[PDB]
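Below you will find one chain, with nothing else, as structure tokens; this is the form deposited in one PDB entry, and questions on how it binds or moves follow later.
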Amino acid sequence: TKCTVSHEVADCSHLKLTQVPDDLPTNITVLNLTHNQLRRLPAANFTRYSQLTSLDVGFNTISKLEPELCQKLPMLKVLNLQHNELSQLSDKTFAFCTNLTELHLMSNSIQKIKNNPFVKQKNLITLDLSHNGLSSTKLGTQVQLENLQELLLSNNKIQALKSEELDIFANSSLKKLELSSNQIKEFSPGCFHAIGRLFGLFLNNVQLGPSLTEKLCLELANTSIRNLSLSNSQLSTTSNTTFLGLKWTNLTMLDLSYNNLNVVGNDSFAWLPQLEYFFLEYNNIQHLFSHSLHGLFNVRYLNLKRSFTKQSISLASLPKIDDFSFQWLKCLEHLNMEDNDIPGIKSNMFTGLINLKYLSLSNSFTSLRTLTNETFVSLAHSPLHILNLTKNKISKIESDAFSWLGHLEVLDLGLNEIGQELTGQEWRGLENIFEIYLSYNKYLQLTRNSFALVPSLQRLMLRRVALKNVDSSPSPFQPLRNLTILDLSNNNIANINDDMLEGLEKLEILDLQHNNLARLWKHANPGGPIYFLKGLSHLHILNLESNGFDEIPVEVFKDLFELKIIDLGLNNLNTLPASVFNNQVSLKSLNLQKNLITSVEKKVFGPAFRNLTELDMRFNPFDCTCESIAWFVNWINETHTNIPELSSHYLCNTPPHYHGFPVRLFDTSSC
């Protein structure tokens, strides 16, 4: 309806305005007039807004700009005129706007720049002239814009770069020269040396090719260039001559992504000894040779996601990676090889990578069915900490498969098709292991020695793996004294022994939802009820949802003094014994939704309700009498505990007089 002012910032966006407001407070610093129907900006209308530092008039229909406007606003730093109809500029236009740091002129249908319109902009940092119809980089006839750091000229009609067109930047230090989506066909000799210092050049979506890229790099020789981006530039092949001009530079970043790059010739990057970050993702490399990556001894990061050619099904055009292809990268720490069709891991695939700490091989192979005692031999001399092996259709893990990985901390084997018995010999050599993910696999059968060789383990995830023999004596988890997180959810488990978690005093998170443990907590269970939560003094989060519980023994939560969150929703509970929650002095969240609860009495819920933050007891068949709900309604009226959907989803069932009536509106005066 009108403008909203908050902390001297006026938001007048999307209000269909044809005139500039005259009733706004005289102390505003920022004025946002975006997405309106303004045709002009007269000086007289801005006389009362002399404190402005920022003016955003983007997405309007302004064609002329009055020079006197900048004299009325002496503190103006940011001016945004994007998406307007300001096609013609003159020397008078920005002549009085001396304190500007940012000037945005995108999508204004500017086709020609005459004379010197930016000569008075001595403090300008960013100039954005993108999405116009310019056919040249010439913006003046004399040395100006000395403090400029960013020049954006993307999506224009520039066909050639000359030195006498960029010579006005002779005293400038450009961190960014954005020339993307311009169909440049010639780089005239000396064109980049016309700028004082050039640090970054962007030529994405520019059809260059091998021959023109070679000429471009010759023009970059002896410049200050650190970053070069040539993404989607149709670089089909590379040779030992393509980047030769870059020998006379200290380039640290190169991006060659999305180029449909098929052949990478020997010694292609021998001229880049200072390169640190290399992006090669989304290409079509058919065969990587042993000398393709020669000379890249300083690279710390390499992205090879979807870099190799796809499977042809018929022609058998599978990608090939020669042995020793990574031996040159002595400083490589992070390697991403995700989503490829590589056949397997050869004996010398990763040899020479003496500084590798992170390696992701997620969905990297066609099928890596079996992990043998030799599969990872080439990583023996790498200080590898993280290994991701998801989505590879792995079926079997044999003995001593990870013996070469003595420094490994995180091992992700989730989302595969593993179906075997875990003997325990699979984990030999993993002396520094912190976490193992084994979730979403075919089947895993445990024994008493399954995790004996890894007593350092702190986190174990075994979700949806059709887990068998967890009821072994002694427990498969017994040697894991330092365990903090255990996920045994979605396994349809029916039997567990008393001592399953004995000695695990440091356990903090236990997930047991979607199993069949109901019988174990019924009083008539042969041998008595199973007290599997005994001694878990540091337990903070416990999930017991969807187990079909209809009985809870009085002493099961006895030792849980530190418990903060308990989830017992989606069960069939009604009658709960007195003092079942008596030792829960740290409870902050209680969930008992979609159960069969009729009575909510003090002798049960009193200690649990004391200092709660959240409560969820929605969708229960509440009994609306005095002996069943009086205390609960009295608690609801005076508590600060957040109870979501209280008015709508907390209804009475029995007696038929109160059927469908909210429990919040009950009368306690009769009790």
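Just count from 1 along the sequence shown to find any residue number.
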item	value
Residue range whose averaged C-alpha B-factor is higher in the record, 169-177 or 506-514	169-177
Mean temperature factor over C-alpha atoms, higher-scoring stretch between 467-475 and 295-303	467-475
Selection from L246, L444, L86, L430 [criterion: highest C-alpha temperature factor in the record]	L86
Third of chain Cα B-factors occupied by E551	middle
Chain thirds of CA B-factor: placement of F289	highest
Within-chain third of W521 by Cα B-factor, per the entry	lowest
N232 CA temperature factor, ranked by third within the chain	middle
Third assignment of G406 from its chain's C-alpha B-factors	lowest
